[PDB]
């Protein structure tokens, strides 16, 4: 199935970057075009924090007040005036896509500027974090704010997590959250073969049908992962996205491996 054909069928724009970490073979399609990354950045922020906090120290607590709360914080709203461990913060952001948990994580790292700084060091000059949740969800094709390209985002996910500086315990804790996440069952998880294990983080911005999924894919019989970045959008501001597009893009791309 050709990807050009998939863009016509759904009337959408597809951006893909896949890297087999075993062979180093790559599959690219509009892999240098910018798209809003939305909530898939939650994975990037959790990883960056886990580089500076050992597994044994995730029990450490942070205080949450009224001022921290942003829209769509299903777990964090129950914590106003309370303390929460860093472990529970990462779980709320990854599993429930909690917006307040993500802003607090970025604060712990030091703020948007420390995140950007870390990306530079990893060699990522493209990913451009500017706003916190939920302003980062307001995408305009005329702005570079909070956008990245499928190639830049995928090489960063490979460096941070697959070939990164995480300890065994931290890497496993994070990947297990991503494997047991039920929010991405309609995406990459829906299009790859049944024997394949998929650890993903999905995303949806408010405008232009911005629907994304990023994953670590384990083919039956291979312990090294295939990193898979799928960013898609439509032409009108108010377009509603169709998840089958991403399931189909994933089935089509996996045929190359």
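Positions refer to the first chain, counted from 1.
Look at the mean CA B-factor for 193 to 201 and for 225 to 233 in the entry; the higher one is 193 to 201.
Mean C-alpha B-factor is higher over 2 to 10 than over the other stretch, the pair under comparison being 2 to 10 and 246 to 254. Looking only at 182, 104, 155, 131, the residue with the top Cα B factor in the deposited structure is 182. Reading the B-factor column for the CA atoms of 27, 214, 69, 38 in the entry, the top value corresponds to 27. Ranked within its chain, residue 186 lands in the middle third, by CA B factor from the PDB record.
For residue 82, the recorded CA temperature factor ranks within the middle third of the chain's modelled residues. In the PDB entry, residue 150 places in the lowest third of its chain by CA B-factor. Per-chain ranking of the deposited C-alpha B factor places residue 169 in the middle third.
When the modelled residues of the chain are ordered by C-alpha B-factor, residue 89 sits in the lowest third.
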